[PDB]
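Q: Chains as they are written, first to last, in PDB author numbering: chain B, 7 to 350; chain U, 334 to 343; chain L, 1 to 151, 157 to 190; chain H, 5 to 136, 146 to 197, 206 to 223.
Here a beta-carbon is modelled for each residue, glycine too, at the ideal position from N, C-alpha and C.
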Amino acid sequence: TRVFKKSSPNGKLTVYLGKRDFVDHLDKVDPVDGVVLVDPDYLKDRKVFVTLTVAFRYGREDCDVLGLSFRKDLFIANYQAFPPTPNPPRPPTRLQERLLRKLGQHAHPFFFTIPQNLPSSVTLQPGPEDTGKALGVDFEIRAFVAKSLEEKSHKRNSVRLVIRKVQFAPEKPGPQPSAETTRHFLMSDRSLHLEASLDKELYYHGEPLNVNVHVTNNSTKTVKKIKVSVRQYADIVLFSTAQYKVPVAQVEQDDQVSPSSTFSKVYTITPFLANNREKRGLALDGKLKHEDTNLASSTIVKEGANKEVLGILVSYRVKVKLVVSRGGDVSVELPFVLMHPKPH
Amino acid sequence: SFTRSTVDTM
Amino acid sequence: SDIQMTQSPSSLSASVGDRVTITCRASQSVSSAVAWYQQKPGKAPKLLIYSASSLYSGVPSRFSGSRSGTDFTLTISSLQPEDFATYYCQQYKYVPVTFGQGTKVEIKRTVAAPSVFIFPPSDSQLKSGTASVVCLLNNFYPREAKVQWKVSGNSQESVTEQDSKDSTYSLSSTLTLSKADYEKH
Amino acid sequence: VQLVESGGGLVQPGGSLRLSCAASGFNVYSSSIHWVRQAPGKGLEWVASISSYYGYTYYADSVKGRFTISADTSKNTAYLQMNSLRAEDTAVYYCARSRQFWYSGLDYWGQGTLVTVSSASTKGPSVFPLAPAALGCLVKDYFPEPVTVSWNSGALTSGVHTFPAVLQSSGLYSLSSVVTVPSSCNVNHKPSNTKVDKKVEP
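If you want it as structure tokens, here you go:
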């Protein structure tokens, strides 16, 4: 029943939004619908428009003394709020009708559709060495009044508000993730067998990862140490292909694997943000203004492979490293997903 | 300033 | 800063399946971060409504609430014979959290005539050097009562919990003085 | 899912104590631990909070610096340490969990342990008969709680009303129990290991 609203600094132009967050069901997205409230006597000759834009923004917005974002406009949409447009698309919405009931004549609804080929709201962790905020893709709604679309923007006229787009976990479990690797010697037939498995393929933040690793060291070398870690992969694509990978959680056990022996164990690794408050380049979930959040939720690609290289893509993997004596170190990897469940 | 909720009525 | 809590009413009594409404007031506007808790006497607390509108699992549907600005109201459809306990109003959108003053619920009955009993101190108490006069008020209604001492401060009042056998109360008040003061009267 | 805790007792004011509350059936990382105290006759009062995932600590204004909190992730247990005890800090303390993503109240609560602070020592009960219809037995100047009082070794509980014990200004506790005998008492103090039997006649 409650309804958010934002107003112009002059107090004359006000916009109402019923929701702050939107979700996608891998086939459709919740439409962005709202109503702008304004008395036409203030303008009496201008026209009101509301614009949807998504940009690759860097830095902060509080008049920092530094070169600001490389403002790449990934996608921009415009709608004519005033003068009134025809009925589509397609009808007015229920909440817009209720708000028009609440206000009356000066209520003007608008409709928008979000294309399916858009990235998710993510924000990179700013570094203490740097200043202000950091780079990150964000959504933004902008409403303004002017006689022309190309008229100069005014602080008193234009109003800026920030919205978010997030995904939620599907209810269908996937195949069981497992991996194996057998490495022999240079000449002798003796080999080194290792197998890694996980309880599930989809987990939840704060839930420990019970990795099941089995080592069949039917060889002559002795494994000195064992290292288990999870790696975060962040694909950066604006006009070139890039990927910045940073370790997030590492666990080491002082276990010796004797030659011609089989050793299997289950280890616990937990990703958390407390220990990485200073690590630059970390990817985090989209924030409102500056509020803290958890780690960046693993966004899942749609069924269509297409391109979808229009922003930041994130994925997680787990690697286990065996410290074999006199070289011969062998490591195995396993991809997995980790992102929020569906609320009610 | 900031954001705020408000009445819905009916 | 701190947010003032003002629950209303403090504590009333009703019958089975009655219209009972409990109102919560806050000095500052809070959107929806309001939770309702109930704690049986001598047991652990348990929430009933979170976010001021969501009904927790494993809870009868008779409980419901609504919000009007800073006014928060709790509504109960029918009073079960086991819902007589205290209730607390909680807000959790500002640091720190502020709790309600507690809203005890009791069953109402007819007015019960009390029994007046006066017990002088015992011979062992007489030899102890401390004189105590205890007046017993049993099987009365309601809890509030006025009894005067004249033969006066320095008296302790003790009332038991609501006796479910007859829905009545028992009161025991003792006036403690010295032997010289006791013999003066 | 269960909650257990330990560490209660009686401590002289101005000292220190350590309390524990183990967690089972969930994760410490995916939740937060809250500590709340309940004074006799007063509502529950929050004191501190821990967020292991975010690595943040919070305390009440009245216990700034005095009270410390800690938790070991391996054992899924939280520990709070308080120092410079005062007489007004006596209450019943509870440990509770809250969902981290996101906050939706305190769904689960521990059974809770009482905290008593005072300089009073152990004192045996003193049974005082009360005879004139009704008759009662008065127990005064005893410490600490509780005292199990029965009439004629619990021969008949009809007409017997026992009032809750009170703490007078002397620092000792006192209760009473009255049996209604219109026509016509064994008290045991487990902490003090004292049993007293008395008989009163008009």
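Cβ atoms of H:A146 and H:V194: under 8 angstroms apart, would you say?
A: Closer than 8 angstroms, so yes.
Q: Assuming B:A202 contacts B:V338 under a Cβ cut-off of 8 angstroms, what Cβ separation, rounded to an integer in Å, is found between them?
A: At roughly 5 angstroms, the Cβ-Cβ gap stays under 8 angstroms, so B:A202 and B:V338 are in contact.
Q: Return helix, strand or coil for H:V67, following the three-state DSSP convention.
A: Correct three-state label for H:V67: helix.
Q: Does DSSP put L:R143 in a helix, a strand or coil?
A: Coil at L:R143, not helix or strand.
Q: Which whole-angstrom value describes the C-beta separation of H:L7 and H:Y112, a residue pair presumed to lie in contact below a C-beta threshold of 8 angstroms?
A: Rounded, the Cβ-Cβ distance is 6 angstroms, consistent with contact.
Q: Counting only beta-carbon separations shorter than 8 angstroms, does H:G11 have a partner in chain B?
A: No, H:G11 lies away from the interface with chain B (no Cβ there is under 8 angstroms from its Cβ).
Q: What first and last residue would you give for the beta strand (DSSP E) that runs through B:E339?
A: Its beta strand (DSSP E) spans residues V336 to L344.
Q: Report, in whole angstroms, the separation of the C-beta atoms of L:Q167 and H:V179, which I expect to be a contact under 8 angstroms.
A: Between H:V179 and L:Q167 the Cβ distance is about 19 angstroms, and since that is not below 8 angstroms, they are no contact.
Q: Would you kindly check if the distance between the Cβ of B:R52 and the Cβ of B:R63 is under 8 angstroms?
A: No.
Q: Which residues in chain B sit within 9 angstroms of H:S183, going by Cβ to Cβ distance?
A: By Cβ distance, chain B contributes nothing, its closest Cβ being about 51 angstroms from H:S183, past 9 angstroms.
Q: Can you give me, in chain order, the residues of the stretch 73-104 of chain L that have a beta carbon less than 8 angstroms from any beta carbon in chain H?
A: Under the 8 angstroms Cβ criterion, the stretch 73-104 of chain L contributes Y88, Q90, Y92, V95, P96, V97, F99, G100, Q101 and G102.
Q: Which partner residues of B:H199 appear in the DSSP bridge assignment?
A: According to DSSP, which records beta bridges pairwise, B:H199 is partnered with B:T188 and B:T222.
Q: In angstroms with no decimal places, state the Cα-to-Cα distance between L:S29 and L:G69.
A: Rounded to whole angstroms, L:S29 to L:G69 spans 7 angstroms at the Cα level.
Q: Is the beta carbon of B:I147 less than 8 angstroms from the beta carbon of B:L80?
A: No; because the gap between Cβ atoms is not below 8 angstroms, this pair is not in contact.
Q: Taking contact to mean 3 or more Cβ pairs, one atom from each stretch, closer than 8 angstroms, check whether the stretch 307-316 of chain B and the stretch 83-97 of chain H are in contact.
A: With a cut-off of 8 angstroms, the stretch 83-97 of chain H and the stretch 307-316 of chain B do not count as touching, because too few Cβ pairs lie within range.
Q: Bridge partners for L:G65 per DSSP, in chain order?
A: According to DSSP, which records beta bridges pairwise, L:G65 is partnered with L:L74.
Q: Note down, in chain order, each residue of its chain lying with its Cβ closer than 8 angstroms to the Cβ of L:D186, except the 5 sequence neighbours on either side.
A: The answer, listed in chain order, is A131.
Q: Using a threshold of 8 angstroms, state whether the C-beta atoms of H:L151 and L:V134 are closer than that.
A: Yes; because the gap between Cβ atoms is below 8 angstroms, this pair is in contact.
Q: Which value, in whole angstroms, describes the spacing of the CA atoms of H:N165 and H:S35?
A: Whole-angstrom Cα-Cα distance: 53 angstroms.
Q: Quick check on the burial criterion: 16 or more other C-beta atoms within 10 angstroms. Buried or exposed for U:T336?
A: Exposed is the call here.
Q: When the Cα atoms are used, what is the spatial distance from H:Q181 to H:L188?
A: If you take the alpha carbons of H:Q181 and H:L188, they lie about 11 angstroms apart.
Q: B:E213 touches chain H at which residues, Cβ-Cβ below 7 angstroms?
A: Within 7 angstroms Cβ-Cβ: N31 and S34.
Q: Strictly below 8 angstroms CB to CB, what residues from chain H border L:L136?
A: Under the 8 angstroms cutoff, chain H gives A147, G149 and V191.
Q: May I ask which residues mark the beginning and end of the beta strand (DSSP E) holding H:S190?
A: H:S190 -> beta strand (DSSP E) spans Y186 to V192.
Q: Along chain H, which residues have their Cβ under 8 angstroms away from the Cβ of L:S124?
A: In chain order: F132 and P133.
Q: List, in chain order, every chain U residue whose beta-carbon is nearer than 8 angstroms to that of B:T7.
A: Under the 8 angstroms cutoff, chain U gives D341.
Q: Output, in chain order, the set of chain B residues within a Cβ distance shorter than 9 angstroms of H:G59.
A: Here the neighbours are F278, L279, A280, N281 and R283.
Q: Distance check for L:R109 and L:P142, CA to CA, integer angstroms please.
A: Rounded to whole angstroms, L:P142 to L:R109 spans 9 angstroms at the Cα level.
Q: Just confirm the distance between the C-beta atoms of H:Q115 and L:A85, as a whole number of angstroms; I'd bet it's less than 8 angstroms.
A: Not a contact, Cβ separation roughly 17 angstroms.
Q: Check whether chain L comes within 8 angstroms of H:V179, counting only Cβ atoms and requiring the distance to be less than that.
A: Taking Cβ atoms only, chain L reaches closer than 8 angstroms to H:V179, which makes this a yes.
Q: I'd like the span of the alpha helix (DSSP H) that includes B:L101, first residue to last.
A: Taken as a continuous stretch (DSSP letters only), the alpha helix (DSSP H) holding B:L101 covers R100 to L109.
Q: Compute the Euclidean distance between the alpha carbons of B:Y22 and B:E103, then round it to the nearest angstrom.
A: About 13 angstroms.
Q: Which chain H residues are close to L:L47, counting only those with a beta carbon under 8 angstroms from its beta carbon?
A: Those within 8 angstroms of L:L47 in chain H are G109, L110 and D111.
Q: Less than 8 angstroms separating the beta-carbons of H:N209 and H:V160?
A: Yes, these two residues count as a Cβ contact at 8 angstroms.
Q: Do you know how far the Cα of B:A248 is from the Cα of B:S235?
A: Distance between the alpha carbons of B:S235 and B:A248 is about 22 angstroms.
Q: Pull up the distance between the alpha-carbon of B:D241 and that of B:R26, whole angstroms please.
A: Looking at the two C-alpha atoms, the distance is approximately 27 angstroms.
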